[PDB]
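Here's the structure, in structure tokens; my notes come after.
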Amino acid sequence: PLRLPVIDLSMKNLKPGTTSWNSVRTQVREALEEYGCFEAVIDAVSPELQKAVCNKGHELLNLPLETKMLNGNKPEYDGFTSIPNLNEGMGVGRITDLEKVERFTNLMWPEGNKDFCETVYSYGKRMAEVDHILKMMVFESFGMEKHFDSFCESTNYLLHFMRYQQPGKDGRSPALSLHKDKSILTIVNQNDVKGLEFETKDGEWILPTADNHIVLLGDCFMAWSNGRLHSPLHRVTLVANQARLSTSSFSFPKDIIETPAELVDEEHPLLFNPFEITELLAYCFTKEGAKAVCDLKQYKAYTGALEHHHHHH
Ligand SMILES: COc1cc(C[C@@H]2C(=O)OC[C@H]2Cc2ccc3c(c2)OCO3)cc(OC)c1OC
Ligand SMILES: [Fe+3]
């Protein structure tokens with residue numbers, strides 16, 4: 001039975017310059033190159049905070065439709081969506097900006113909801129720190145430390161909840177459509193109900209248990225790496241008659257993704273011209289842009305150049 005790599009991201013391993021930092025960095029790079037994702041042991045968020053954030057996700061999604069629609073009409077980022085009798089979700093945009101989180105909380109609860117605001121802000125800050133460390137290891141593995149600070153300037157962080165109602169049957173119940181994330185990195189907590197399912201480069205499907213967190217690569221990091229890393233296709237398939245709520249943390253660039261020239265060579269011609277993230281995400285949620293959801297090569301930034309394995313030699 002296939003399984004994603006399992007990487008120990010406990011804070012005791014994340015001290016830069018140490019032996020454990022180097023061994024984790026090697027495993028992160030290998031996993032994101034081959035699988036594009038891995039199971040992660042993450043202790044930056046206590047179990048108590050993880051369940052509290054889960055409760056806040058339910059509290060938010062329990063709100064009336066018209067209240068949740070106040071968060072805007074951008075489902076590609078934080079806007080509310082739902083499919084009848086199937087799923088629903090929305091996001092808290094810019095979760096690391098306390099002023100925006102306060103504003104969001106008072107928009108949903110005009111009387112105030114201090115417990116909601118403090119909980120989701122504390123969680124978004126802690127997961128952003130894990131995201132920052134993972135990006136730092138990836139940059140080190142490519143020898144691009146000199147570009148790291150500029151790449152992380154004004155990083156946009158998103159906290160997103162998706163809830164899936166009880167499928168009413170055992171066995172496999174498709175619950176979320178196949179896609180690639182357009183993030184830099186995505187960190188997922190399945191809140192003890194599995195369903196997130198990945199395809200491998202070889203066409204095999206891997207459905208992890210809910211034991212650990214899941215870290216996966218988005219198309220922004222893939223494009224930055226000039227295709228040297230893999231952004232994996234993934235979907236949600238319920239495999240039990242029980243409801244599910246996912247807690248996901250996305251990182252996005254300030255605006256523009258550009259492949260460093262150092263990652264372009266003869267065997268790795270430039271795959272993607274620069275592109276802006278908000279434009280790409282909006283396109284993917286249109287009828288005409290559906291083809292880019294599962295393949296960034298369908299987006300206008302694609303150059304038509306051959307992938308590395310197709311280099312003629
Ligand atoms: C790019 O193509 C897609 C990307 C996402 C993930 C989004 C992303 O990449 O950035 C933040 C995420 C926001 C989001 C998360 C879960 C969602 C959702 C939107 O809509 C309903 O479920 C979900 C898709 O559809 C399931 C999709 O295909 C249309
Ligand atoms: Fe996803």
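No value in this document is a laboratory result; all are computed from the given coordinates. Positions of Cβ are backbone-derived with ideal geometry, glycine not excepted, and every protein chain shown enters the neighbour counts.
For the reader, a short list of remarks on this structure follows.
- Once both labels are positioned 7 Å from their Cα atoms along Cα-to-Cβ, the gap between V239 and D255 label points is 4.4 nm.
- Exposure proxy ranking for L63, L233, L9, based on other Cβ atoms within 10 angstrom of each Cβ and starting from the fewest, stands as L63, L233, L9.
- GluC sites (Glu not before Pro) within the range 34-132, DSSP loop, no more than 14 other Cβ atoms inside 10 Å: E111
- For the range 91-144, the extents of the C-alpha atoms along the principal axes are 50, 15, 15 Å, listed from largest to smallest.
- Where Rh is the Kirkwood radius over Cα pairs, Rg/Rh for the chain: 0.95
- FRET efficiency estimate (nearest 0.05) - Cβ-Cβ, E145 to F285, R0 51 angstrom: 0.90
- Take the Cα radius of gyration of the range 34-167 and divide it by 2.2 N^0.38 Å, N being the number of residues; the result is 1.17.
- Cα-Cα over 28 Å, subset of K15/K56; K135/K180; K114/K169; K51/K201: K15/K56; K114/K169; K51/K201
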